[PDB]
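Listed next as structure tokens is one chain, alone, in the form deposited in one PDB entry.
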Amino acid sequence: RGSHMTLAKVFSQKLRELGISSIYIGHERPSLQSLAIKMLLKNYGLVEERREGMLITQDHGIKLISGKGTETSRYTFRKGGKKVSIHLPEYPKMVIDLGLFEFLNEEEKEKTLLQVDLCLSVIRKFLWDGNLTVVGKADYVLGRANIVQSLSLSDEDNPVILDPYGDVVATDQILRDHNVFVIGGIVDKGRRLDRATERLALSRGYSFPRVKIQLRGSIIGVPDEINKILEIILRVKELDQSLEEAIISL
């Protein structure tokens, strides 16, 4: 876990408001982001009760404890507990652009749908469903991700397009400095067409930067799976991982 995960931050803010400094987490993963996910999706919450345990981790100043030891909590995280409201983060936004879907051959379509589904598991590792948007087909359904036919673009979105054949090379800071990431499909020998976003751009005269991810100066060792690209971006932004190490780990 990173020290400053977006979802951990908003959860901890709420817990602090409530004067909660410790939580008995049991068998859960020792990360406020992991707890948030279970609270948002799986019917977990807090139960008021006195426990002791050992300090496992301290995340945004909230002690997460488990087992036995010298620490105390007054709230235990578990199934059927009460939820607390948190301000779910708008950013960052991960956008899968499936405008091109009907131009893909059958192998490409099949890979793509599998990769998209895998993205739901990835997003849940770092953020939550609501930070994932699939665009290009209004019918599909993928957990609680945002599903739209066309791209809706706010004043504050600062998008970059992930493109093996882009002219900008991705750096750590390019990624941290942007808040919306567009990944389209591979259309024959590599280029990644983001069609529904191209449509928006042409229609309003915008131009978004096109960013190629390289390892050691080459687009060689780099995954081209949408779900793997997504995880790289999120390693860097939410875990404060090096781009180099993020790529390695995948």
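In case it trips you up, residue 1 is the first one in the sequence shown, and so on. In this text, rigid core is short for the largest set of C-alphas that superpose within 1.5 Å between two forms.
This protein has a second form, the form deposited in another entry, left out of what is shown; the following refers to that one.
A displacement of less than 2 angstroms separates the C-alpha positions of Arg144 between this form and the one not shown, with the rigid core held in common. After superposition on the rigid core, the Cα atom of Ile25 is displaced by 2 Å or more between this form and the one not shown. After superposition on the rigid core, displacement of the C-alpha of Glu106 between this form and the one not shown amounts to 2 Å or more.
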